[PDB]
Amino acid sequence: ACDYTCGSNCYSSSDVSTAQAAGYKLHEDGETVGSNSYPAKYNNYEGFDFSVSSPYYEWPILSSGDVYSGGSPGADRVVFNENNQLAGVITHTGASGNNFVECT
Ligand SMILES: Nc1nc2c(ncn2[C@@H]2O[C@H](CO)[C@@H](OP(=O)(O)O)[C@H]2O)c(=O)[nH]1
Ligand SMILES: [Ca+2]
């Protein structure tokens with residue numbers, strides 16, 4: 001079974017941790033990758049009810065299993081905070097415009 005389901009993509013908690021670990025490391029080094037400069041500040045315009053405190057940062061999680069290294073970010077994101085705590089996994093899939101919905 002999927003721990004997180006983003007549209008058609010299936011993710012296990014181990015997939016999330018690997019992606020999150022990579023994103024946070026770049027965050028610590030103040031470096032970014034990709035045209036959208038990830039990891040990027042996530043403002044939570046959606047108003048998701050995360051149990052961890054902000055600031056939040058979004059980092060692409062890929063259905064392929066590989067860690068994001070530039071190129072197309074796809075539609076899924078892992079959101080983590082400054083304390084490297086997972087806030088949630090969200091996606092553009094099934095969301096209006098450039099908005100996000102949480103993965104189930
Ligand atoms: N929907 C949404 N986009 C955000 C938020 N914070 C930052 N963004 C960024 O603004 C951009 C335009 O909505 C998004 O780019 P993306 O569409 O390439 O992922 C996303 O990275 C937020 O809280 N909600
Ligand atoms: Ca996997």
Side-chain angles (χ1 to χ4, degrees):
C2 308
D3 292 309
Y4 296 105
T5 303
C6 301
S8 304
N9 301 324
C10 187
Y11 298 114
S12 62
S13 63
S14 57
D15 293 315
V16 177
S17 300
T18 297
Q20 173 178 173
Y24 191 69
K25 184 178 181 179
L26 291 178
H27 174 60
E28 300 185 304
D29 301 331
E31 296 188 297
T32 56
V33 60
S35 294
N36 298 308
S37 301
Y38 290 108
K41 172 68 176 182
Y42 182 67
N43 299 296
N44 191 34
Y45 300 138
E46 288 59 32
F48 292 126
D49 182 43
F50 299 131
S51 61
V52 296
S53 58
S54 60
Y56 303 120
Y57 299 101
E58 58 173 300
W59 172 258
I61 179 175
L62 309 177
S63 58
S64 62
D66 299 302
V67 177
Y68 185 67
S69 62
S72 180
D76 315 323
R77 307 282 183 279
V78 297
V79 179
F80 60 79
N81 64 34
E82 195 62 58
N83 292 170
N84 193 189
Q85 294 177 296
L86 174 63
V89 176
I90 61 178
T91 181
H92 282 305
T93 301
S96 177
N98 295 164
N99 301 308
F100 287 104
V101 291
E102 294 185 62
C103 300
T104 55

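Note that the numbering runs from 1 along the sequence shown for the chain.
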Validation: residues 86-104 side-chain donor-acceptor distances under 3.5 Å, sequence neighbours left out:
residue : atom : partner : partner atom : Å
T91     : OG1  : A75     : O            : 3.3
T91     : OG1  : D76     : OD1          : 2.8
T91     : OG1  : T93     : N            : 3.0
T91     : OG1  : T93     : OG1          : 3.3
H92     : ND1  : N99     : O            : 2.8
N99     : ND2  : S96     : O            : 2.8

Applying salt bridge (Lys or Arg N to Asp or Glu O under 4.0 Å) as the test, list every pair that has at least one member in residues 52-65; sequence neighbours left out. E58-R77
Looking at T32 and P39, what are the two nearest heavy atoms and their distance? CG2-O, 4.2 Å
Sort and list the pairs that fulfil salt bridge (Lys or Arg N to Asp or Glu O under 4.0 Å) and have at least one residue in residues 81-97, not counting sequence neighbours. none
Got a second to check how far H27's NE2 is from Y57's OH, nearest 0.5 Å? 4.0 Å
Could you report the tightest heavy-atom contact between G23 and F80, atom names first, then the distance? C-CZ, 3.7 Å
Minimum-distance pair of heavy atoms, taken over all atoms of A19 and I61: CB-CG1, 3.9 Å
Heavy-atom side-chain proximity of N36 to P73 below 4.5 angstrom: yes
List in chain and number order the residues that pass side chain to side chain donor-acceptor pair (under 3.5 Å) with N81, two or more places apart in sequence or in another chain; answer none if no residue qualifies. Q85
Hphob cluster co-occupancy, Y38 + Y24, side-chain heavy atoms under 4.5 angstrom: yes
Quick check: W59 with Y68 (ring centres under 6.0 Å apart)? yes
How close do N44 and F50 get, heavy atom to heavy atom, and via which atoms? OD1-CE1, 3.8 Å
Taking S13's backbone N and O only, do any of them form a donor-acceptor pair with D3's side chain (distance below 3.5 Å, no angle check)? yes
Taking side chain as C-beta onward, heavy atoms only, is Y42 less than 4.5 Å from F48? yes
Run the numbers on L26 and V33 for side chain to side chain contact (heavy atoms under 4.5 Å, CB included), then give the verdict. CA-CA 9 Å; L26 291 178; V33 60; 4.2 Å; yes
From OG (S12) to OH (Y4), nearest 0.5 Å: 10.0 Å
Kindly write out the residues that satisfy side chain to side chain donor-acceptor pair (under 3.5 Å) with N43, not counting sequence neighbours, or none if the list is empty. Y45
Which residue pairs pass the salt bridge (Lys or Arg N to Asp or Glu O under 4.0 Å) test when at least one of the two sits in residues 11-29, sequence neighbours left out? none
